[PDB]
């Protein structure tokens, strides 16, 4: 079954070139379909960028035509996107997707519907540098205990650009996990927190480890949260 995955630089300098690639697996791009890029500025609407099929033919959104190139490399089985002269209006989550229709000659091919979507990679356009997150454990205590339940967490402090994603115990702790939106500090660096609610009886016996991933650098920090002294 087909899978799409975007990768690329988390951060880009203003007026330089944004360069993301999408690696297909489970289906040879050359074998059919159109393949497209669609972006979503933070808290704003979907924008379609461009599509391409294996020959190299392209269709582009008129407002971004002068700055956009989409390429295909069939030997690596991936398609890529470059966008030049970036501004803050290019700060966005960038998705790659596959079309509904496999026939490449259908009317409005690659400009109809998109069936299979990637997770999305985010790109922030800024002059600031990337900073790695620092991870501090928010320990369980008798004040955070509430009867049978109890709350512990992970504070992810002074990182940039977005995003950070947190999973707990390698994805076995999923329920009661809330991971809050980040706040922007005066320094310019983001911070955010992840809290989970856990059985109070099990606090000394059970293991709780938060898995902070910050893909703009290449950091992944796993912090063990233990009860207080």
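Numbering follows the first chain given and starts at 1.
As listed in the deposited structure, the average C-alpha B-factor of 200-208 and of 163-171 is greater for 200-208. Averaged over Cα atoms, the B-factor as recorded in the entry is higher for 145-153 than for the other of 145-153 and 120-128.
Between the residues 40, 194, 185, 58, it is 185 that shows the highest Cα B-factor in the PDB record. Compared with the other modelled residues of the chain, the Cα B-factor recorded for residue 90 ranks in the lowest third. Annotation for residue 218: C-alpha temperature factor in the lowest third relative to the rest of the modelled chain, per the entry. When the CA B factors of the chain's modelled residues are split into thirds, the value for residue 71 lands in the lowest one. Remark: residue 177 belongs to the middle third of its chain, ranked by C-alpha B-factor as recorded. Per the deposited record, the Cα B-factor of residue 28 falls in the lowest third when ranked against the other modelled residues of its chain.
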